[PDB]
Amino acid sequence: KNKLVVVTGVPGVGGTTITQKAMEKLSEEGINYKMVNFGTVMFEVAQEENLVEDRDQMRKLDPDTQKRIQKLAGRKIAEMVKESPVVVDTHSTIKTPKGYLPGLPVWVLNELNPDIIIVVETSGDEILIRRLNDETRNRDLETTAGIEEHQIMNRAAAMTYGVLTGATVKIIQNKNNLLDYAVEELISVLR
């Protein structure tokens, strides 16, 4: 009966920020979500199996071990759902030099059994300017067309996740100066 929600969005869209704010407001009503990052849960599984010491070593693990750690992380998260509602922070797809990499390939979905997939978006212009203004980020020259293409592929992958699991797929706009509206929309879905 506790929900398992996946919250996704391209870098810079603010998915974790609105999720953190929604969780804190829900906590006031006695609804206590636990938030986890899928990549961090993969790192915790790999450390527990003595495969890695640091998070940087994760990207050098072979593909069969990666698929195995991915299945184990999905199972570890499915088990957390018995203790409370859970929100998973991850990417619908990651934009790599070899193309869009699904964040939840079918073997992860079969272990996770998510109830809702949330896709947080805004316009390509708003994302591009947010990334330009972030000092911790490094300039790459991704265009608004490139960001829109990533959001097109994220929506299609998220819809495929819904077909394979039965989860609903919710799209929420997190627009500049309208953060509170995105937080209220997310609270309603998480409740």
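Just count from 1 along the sequence shown to find any residue number.
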- In the PDB record, does 160-168 or 65-73 carry the higher mean Cα temperature factor? 65-73
- Item | Comparing 40-48 with 133-141, the one whose average Cα B-factor in the PDB entry is higher | 133-141
- Query: When the CA B-factors of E79, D89, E121, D115 are compared as recorded in the entry, which is the largest?
  - Reply: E79
- Query: When you compare the CA B-factors of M35, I147, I31, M153 as listed in the entry, which one comes out on top?
  - Reply: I31
